[PDB]
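The structure appears below as structure tokens.
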Amino acid sequence: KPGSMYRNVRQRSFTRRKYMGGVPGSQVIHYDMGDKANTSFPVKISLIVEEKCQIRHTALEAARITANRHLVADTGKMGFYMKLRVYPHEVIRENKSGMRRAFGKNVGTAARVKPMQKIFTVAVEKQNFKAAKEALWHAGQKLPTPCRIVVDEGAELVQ
Amino acid sequence: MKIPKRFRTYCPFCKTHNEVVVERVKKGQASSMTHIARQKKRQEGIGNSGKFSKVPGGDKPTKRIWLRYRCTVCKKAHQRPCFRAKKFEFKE
Amino acid sequence: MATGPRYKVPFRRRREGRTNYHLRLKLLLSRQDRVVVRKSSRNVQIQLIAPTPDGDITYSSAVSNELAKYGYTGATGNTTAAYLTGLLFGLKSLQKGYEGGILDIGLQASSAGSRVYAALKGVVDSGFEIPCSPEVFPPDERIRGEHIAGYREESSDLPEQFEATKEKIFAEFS
Amino acid sequence: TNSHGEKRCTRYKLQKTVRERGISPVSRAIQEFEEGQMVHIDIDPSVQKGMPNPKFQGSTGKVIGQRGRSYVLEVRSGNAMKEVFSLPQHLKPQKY
Amino acid sequence: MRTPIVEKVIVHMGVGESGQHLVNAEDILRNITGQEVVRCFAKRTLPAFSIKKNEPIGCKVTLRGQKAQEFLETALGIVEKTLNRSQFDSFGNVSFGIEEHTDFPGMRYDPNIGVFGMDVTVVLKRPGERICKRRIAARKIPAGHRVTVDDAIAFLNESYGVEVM
RNA sequence: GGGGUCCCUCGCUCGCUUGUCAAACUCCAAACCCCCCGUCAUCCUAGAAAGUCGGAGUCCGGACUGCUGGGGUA
RNA sequence: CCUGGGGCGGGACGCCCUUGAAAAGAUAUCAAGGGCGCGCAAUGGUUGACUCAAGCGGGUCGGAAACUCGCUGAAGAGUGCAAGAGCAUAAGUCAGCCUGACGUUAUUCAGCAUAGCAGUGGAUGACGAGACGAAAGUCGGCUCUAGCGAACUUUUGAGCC
RNA sequence: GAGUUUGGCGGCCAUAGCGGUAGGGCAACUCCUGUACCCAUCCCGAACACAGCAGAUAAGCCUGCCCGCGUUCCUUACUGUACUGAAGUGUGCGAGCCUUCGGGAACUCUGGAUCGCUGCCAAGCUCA
Ligand SMILES: [Mg+2]
Ligand SMILES: [Zn+2]
């Protein structure tokens, strides 16, 4: 089931899980990566999406896996702090016959994100800025939206 | 449920509050000389009889508890729109 | 303890423990003046009140501090003083042009032979009209002040001065 | 299927705010109204007696008579004139 | 007007069931208290006691005035004027336990009744604490006007002579 | 409460600082909109609003622009 | 009969609540969450007296499970049962006295906005009787919104033609 | 004729609540004192009720203060942002989005205020 199916945002938010049945939970494991204690990272960059899209939990997990592996192989295991801001709260339901009784079963969750809303926030040192930026570039290739990187902290620290 | 055999209520004939004894209404036997029995005897012949060959319908899940409130002073009973209950008993 | 924005504080009189609003809604449905009898620990006070949306307004009133001018010397916070205050309130309200009103004891508990019901009997005996039941009225000897022989002999001045104040106030307002 | 009861779809029409929940002001319940006076129907959910429909919530009714405690209001519902009985607890005067 | 005077004395007998035993409990409590004694009702049914809801369990009595003073003097006599700081509440309202009603002189042990332990608690307040209990303009007492634990032990030492360590 | 002299491990639970949400959540809260009043505007004695009667057709509809309308992979 | 052809399945075929529904009203689908075809002489009425859930602290094998005292406590409880709304000197709990879970009758609402439409309810009243209460008031059942059915026929109640 | 204090009844129902400190009572209020009686306890005169000489402002109450928590209001920035009424031969492959005219937040932020306002009647005193 490709991500083009559950991508466009034309339906309201289906998140109240006490009035639905049996949501298969997200495959996304963690939401904080790297040094979860050092708040003294001067250069901080964030990956933002520039469309209104619904990111599946599997897409978020794949993007997090590629970004975290690239950052661990670039800046060491404790030379970065990467934050996946958005939780997949929407429940995605598929009509698994014909169109009679078409309200489908829940087949997974997803996160509805607005334009310019940050997905990943990465805090790195001065020298590891390029590796973090390039890993965030690899992260957005696994997402269903055009993504552009924006610098949070230390804009003067880079150029 | 339970309703008392005797309690003080309004007698519409004497126009006062008095003790009344509650009595369950007995469905009487159908008279054989009513106009519908004569019509049914008059409609029997060869073949179908119309409304008199109908088998009567079913019943509701709970029938109303049909009660009559006989006044203890003037003796004239009256009956009111009764509740619907499965199990009924009289408290004494 | 207004812990947050979803905290509903009571009304100000209810916060101060001074007014019941359910009883007030029950009483205000009469569209009649209330005989608001309030008793203090040293004397008693009675008012005639009619509500308007700007706030309650009081037409007539009478306290135990007025009983001195009619020739009363004893305690102003007993059953006899309550009866005399009620009689004075009834005569004064009759003179001003008020002859009706429902009783209003408010938060004070209801018990027969109290000071409030003594004031009620005083109001009723003055010609003022107020719906009441005679069971809650006090005995006539209690309004006279026949408690005196139990503890104190200086209380013996009470019944004669009560009768004197009664005749004086009746001559005063009539 | 959906129902057709009188309280249907009145989750917020007949709901009180957080800081007006509880007892209501008793002065609102003895507000005498004149003949022909324009009064606003703003239903008090706490007072469960003498209440009009939620469909008349927010309509201005012209007082035409009194039926005991409550008042007779000539209310407009779309294009028809309705007679809506409401106690003074649910009504509120119009000020100019 | 800051002396933490004895507001009331509370006695309770945790029988844990009803029948002949609870009647004997209330009778002996009335005998040793000199005042009519009420019972108590279980709030919920528990199979461990095998009790039922709305079923009598224990009995309690509230003692005030000179009766409260004399009963508290007797209780201090049975405890030999010994008490520790852990007995005291956060607001000085003490509560301790006794295990033998035959500690009280004047009552004879019966073989059927056995030995009963009743929990007694005496509440200490200040002269003016009626405001939170009355019916006309009741208001909460502040933190300053309340009774501290050290003031409670000082009052108990001065008036009852019970050393608390 | 879970684990290798209940010596100490320790997940829930409660606060300070972060990160996300709701169609059956709201301390908040619009723009449209609806009732009433006043004003202007238009209609109106060449007849306003209301009422009574005569005659029907009609209850297969469809499309464009919005409501992220609901459902649906579309 | 409805029906993303019909059939199988199901009843969205009667009634009630939340969303859908786009902040007046209305608004469909085999739209989503569901519930009801009952229970109760007290689980009802009224007056009085009190306040609940849950924590912290004290009390003896009465354990971290009972019962009891203090403090915090606008409600986090309870109100018979779906959902939503209401309620704290209470619409809750307990106790005293009671049977208004009364006979008869008129309007207007809302089922059925606008705008016709059945038996029914549900809010105001009226006549006659009461209950509780100092009185004001409250009571036309159980806080409000579901718990039910035409004509004909039979049976029954009071008095009449 | 006017004012202060006190009491009762209130209206608006937090700008009024929660919390902390400092002051006062001649009259008043309260605390406080007893239980002959009226009344009462699911036991207790604890409350209620009654009858009150004291003693105390230590609390209720009144006056002033503290921005601490909550609320309300203004204020600068976010910002004329979000959202939206009308029209559009404006634009995107598409989910959509843009320009014009007209409205216009919420959160947060800056600097501040809010620790009630007011109505009636009565008791007193101090009127010019
Ligand atoms: Mg077919
Ligand atoms: Zn009779």
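Every chain in the structure tokens has a letter given in the order shown (A, B, ...), and although residue numbers restart at 1 in each chain, ligands are simply numbered from 1 in the order shown.
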Neighbourhood of ligand 1 at 9 Å, counting only C-alpha atoms (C1' of nucleotides) and all ligand atoms, reported as a ChimeraX atom specification: /G:1-3,6
All residues having an atom within 12 Å of ligand 2 (only C-alpha atoms (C1' of nucleotides) and all ligand atoms) as an NGL selection string: (:B and (8-21 or 69-78)) or (:G and (103 or 129 or 158))
Taking the DSSP assignment computed from this structure's backbone, write out as a ChimeraX atom specification all residues of segment 58-170 of chain C that belong to strand (DSSP E). /C:58-63,102-104
Go ahead and write the selection's residues with N, CA and C atoms as a compact mmCIF listing (two decimals), in the first residue's frame.
# COMPACT_ATOMS: atom_id res chain seq x y z
N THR C 58 -35.66 48.31 51.72
CA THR C 58 -36.34 48.10 52.99
C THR C 58 -37.30 49.25 53.23
N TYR C 59 -38.57 48.93 53.47
CA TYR C 59 -39.56 49.96 53.74
C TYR C 59 -39.52 50.38 55.20
N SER C 60 -39.78 49.44 56.11
CA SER C 60 -39.86 49.73 57.53
C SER C 60 -38.97 48.76 58.29
N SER C 61 -38.61 49.16 59.51
CA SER C 61 -37.73 48.36 60.34
C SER C 61 -37.99 48.70 61.80
N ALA C 62 -37.49 47.84 62.68
CA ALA C 62 -37.60 48.07 64.11
C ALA C 62 -36.68 47.13 64.88
N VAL C 63 -35.86 47.68 65.77
CA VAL C 63 -34.89 46.89 66.52
C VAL C 63 -35.19 47.00 68.00
N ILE C 102 -45.04 37.98 53.94
CA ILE C 102 -44.77 36.60 54.32
C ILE C 102 -43.56 36.58 55.25
N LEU C 103 -43.56 35.63 56.17
CA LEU C 103 -42.45 35.51 57.10
C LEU C 103 -41.19 35.04 56.38
N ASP C 104 -40.04 35.44 56.92
CA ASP C 104 -38.75 35.09 56.34
C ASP C 104 -37.75 34.98 57.49
Please provide the set of residues having any atom within 12 Å of residue 1 of chain D, restricted to only C-alpha atoms (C1' of nucleotides), with same-chain residues fewer than 3 positions apart removed, written as a PyMOL selection string. (chain D and resi 4) or (chain G and resi 11-17+28-35)
Within 9 Å of chain F: residues of chain C, using only C-alpha atoms (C1' of nucleotides), as number ranges by chain: C: 4-6
As a ChimeraX atom specification, please: the residues near residue 88 of chain G (cut-off 10 Å, only C-alpha atoms (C1' of nucleotides), same-chain neighbours under 4 positions excluded). /D:22-23 /G:51-52,74-75,92
Residues near segment 166-170 of chain C, anyone? I mean within 12 Å using only C-alpha atoms (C1' of nucleotides), not counting same-chain ones fewer than 4 positions away, as a count of residues only. 30
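One distance worth recording is that between atom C1' of residue 36 of chain F and atom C1' of residue 48 of chain F, which is 20.5 Å.
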Compile the residues of chain G that lie within 9 Å of chain E, evaluated using only C-alpha atoms (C1' of nucleotides), and express the compilation as a ChimeraX atom specification. /G:57-60,62,65-71,89
Just the helix (DSSP H, G or I) stuff from segment 1-163 of chain E, please, per backbone DSSP, written as number ranges by chain. E: 20-33, 65-79, 85-87, 101-103, 129-132, 149-159
Dump of C-alpha atoms for the selected residues, as an mmCIF file, in the first residue's frame:
data_model
loop_
_atom_site.group_PDB
_atom_site.id
_atom_site.type_symbol
_atom_site.label_atom_id
_atom_site.label_comp_id
_atom_site.auth_asym_id
_atom_site.auth_seq_id
_atom_site.Cartn_x
_atom_site.Cartn_y
_atom_site.Cartn_z
ATOM 1 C CA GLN E 20 -24.541 -10.662 70.346
ATOM 2 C CA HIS E 21 -20.972 -9.326 70.336
ATOM 3 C CA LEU E 22 -21.823 -5.864 69.024
ATOM 4 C CA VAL E 23 -24.662 -5.549 71.545
ATOM 5 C CA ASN E 24 -22.239 -6.449 74.344
ATOM 6 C CA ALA E 25 -19.766 -3.940 72.896
ATOM 7 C CA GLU E 26 -22.257 -1.074 72.889
ATOM 8 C CA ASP E 27 -23.510 -2.054 76.360
ATOM 9 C CA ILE E 28 -20.029 -2.026 77.902
ATOM 10 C CA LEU E 29 -19.177 1.199 76.050
ATOM 11 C CA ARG E 30 -22.294 2.823 77.506
ATOM 12 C CA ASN E 31 -21.314 1.435 80.916
ATOM 13 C CA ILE E 32 -17.794 2.897 80.816
ATOM 14 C CA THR E 33 -18.801 6.150 79.087
ATOM 15 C CA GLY E 65 -17.583 18.899 78.666
ATOM 16 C CA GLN E 66 -16.838 17.547 82.123
ATOM 17 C CA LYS E 67 -17.824 14.035 81.015
ATOM 18 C CA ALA E 68 -15.188 14.268 78.283
ATOM 19 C CA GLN E 69 -12.647 15.626 80.784
ATOM 20 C CA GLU E 70 -13.271 12.843 83.307
ATOM 21 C CA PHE E 71 -13.186 10.095 80.666
ATOM 22 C CA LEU E 72 -9.966 11.491 79.215
ATOM 23 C CA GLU E 73 -8.510 11.590 82.738
ATOM 24 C CA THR E 74 -9.441 7.915 83.133
ATOM 25 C CA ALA E 75 -7.860 7.086 79.761
ATOM 26 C CA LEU E 76 -4.683 8.914 80.781
ATOM 27 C CA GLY E 77 -4.737 6.918 84.011
ATOM 28 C CA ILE E 78 -4.926 3.646 82.090
ATOM 29 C CA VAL E 79 -2.074 4.750 79.808
ATOM 30 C CA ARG E 85 4.755 12.477 69.298
ATOM 31 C CA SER E 86 3.528 10.080 66.586
ATOM 32 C CA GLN E 87 0.090 9.883 68.239
ATOM 33 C CA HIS E 101 -11.582 -2.516 78.924
ATOM 34 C CA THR E 102 -10.855 -4.209 82.277
ATOM 35 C CA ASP E 103 -8.076 -1.632 82.652
ATOM 36 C CA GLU E 129 -13.600 27.448 66.332
ATOM 37 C CA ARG E 130 -17.436 27.506 66.324
ATOM 38 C CA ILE E 131 -17.390 29.686 63.171
ATOM 39 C CA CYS E 132 -16.662 26.724 60.901
ATOM 40 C CA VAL E 149 1.250 20.049 67.776
ATOM 41 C CA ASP E 150 3.651 21.690 70.234
ATOM 42 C CA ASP E 151 0.812 23.849 71.550
ATOM 43 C CA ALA E 152 -1.216 20.651 71.954
ATOM 44 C CA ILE E 153 1.511 18.920 73.978
ATOM 45 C CA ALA E 154 1.969 22.087 76.057
ATOM 46 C CA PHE E 155 -1.774 22.178 76.793
ATOM 47 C CA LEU E 156 -1.825 18.471 77.666
ATOM 48 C CA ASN E 157 1.135 18.905 80.019
ATOM 49 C CA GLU E 158 -0.312 21.978 81.742
ATOM 50 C CA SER E 159 -3.878 20.649 82.110
#
Pick the closest to chain D from C:110, C:32, C:52, C:3: which is it, counting only C-alpha atoms? C:52
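The interatomic distance for the pair atom CA of residue 110 of chain A and atom CA of residue 153 of chain A works out to 28.9 Å.
Around residue 55 of chain D, within 10 Å and counting only C-alpha atoms (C1' of nucleotides), the residues found are residues 6, 7, 8, 9, 10, 13 and 77 of chain D; 24, 25 and 113 of chain G, once anything fewer than 6 positions away on its own chain is removed.
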Within 7 Å of chain D, which residues of chain G show up when using only C-alpha atoms (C1' of nucleotides), listed as a ChimeraX atom specification? /G:12,16,25,84-87,108,110-111,113-114,123-125,144-145
E:136, E:63, E:115, E:147 ranked by distance to chain H, top pick (using only C-alpha atoms (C1' of nucleotides)):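 Selected residue with least distance to chain H: E:63.
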With only C-alpha atoms as the basis for distance, which of E:38, E:138, E:61, E:162 is at the shortest distance from chain C?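 The closest residue to chain C is E:138.
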Determine, counting only C-alpha atoms (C1' of nucleotides), which protein, DNA and RNA residues have an atom within 7 Å of an atom of residue 93 of chain A; residues of the same chain fewer than 4 positions away are not included. Present the result as a compact mmCIF listing (two decimals) with N, CA and C atoms, in the first residue's frame.
# COMPACT_ATOMS: atom_id res chain seq x y z
N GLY A 104 -14.14 1.89 6.42
CA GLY A 104 -13.17 0.83 6.51
C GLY A 104 -12.62 0.64 7.91
N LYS A 105 -11.76 -0.37 8.02
CA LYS A 105 -11.06 -0.69 9.26
C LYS A 105 -9.78 0.13 9.36
N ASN A 106 -9.33 0.34 10.59
CA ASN A 106 -8.09 1.07 10.80
C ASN A 106 -6.91 0.22 10.36
N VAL A 107 -6.09 0.76 9.46
CA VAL A 107 -4.93 0.05 8.95
C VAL A 107 -3.64 0.80 9.24
N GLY A 108 -3.63 1.63 10.28
CA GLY A 108 -2.42 2.32 10.65
C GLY A 108 -2.65 3.78 11.00
To one decimal place in Å, what is the distance between atom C1' of residue 68 of chain F and atom CA of residue 13 of chain A?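 Going from atom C1' of residue 68 of chain F over to atom CA of residue 13 of chain A covers 10.2 Å.
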Pick the closest to chain D from C:97, C:26, C:17, C:53: which is it, counting only C-alpha atoms?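 Selected residue with least distance to chain D: C:53.
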With 12 Å as the cut-off and only C-alpha atoms (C1' of nucleotides) counted, what is the closest atom pair between each nearby residue of chain H and chain D? Distances in Å to one decimal, ordered by chain and number, as CSV.
residue,atom,partner,partner_atom,distance
H:10,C1',D:27,CA,10.3
H:11,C1',D:27,CA,8.4
H:12,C1',D:25,CA,9.7
H:13,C1',D:25,CA,8.0
H:14,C1',D:19,CA,9.2
H:17,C1',D:19,CA,11.9
H:71,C1',D:19,CA,10.8
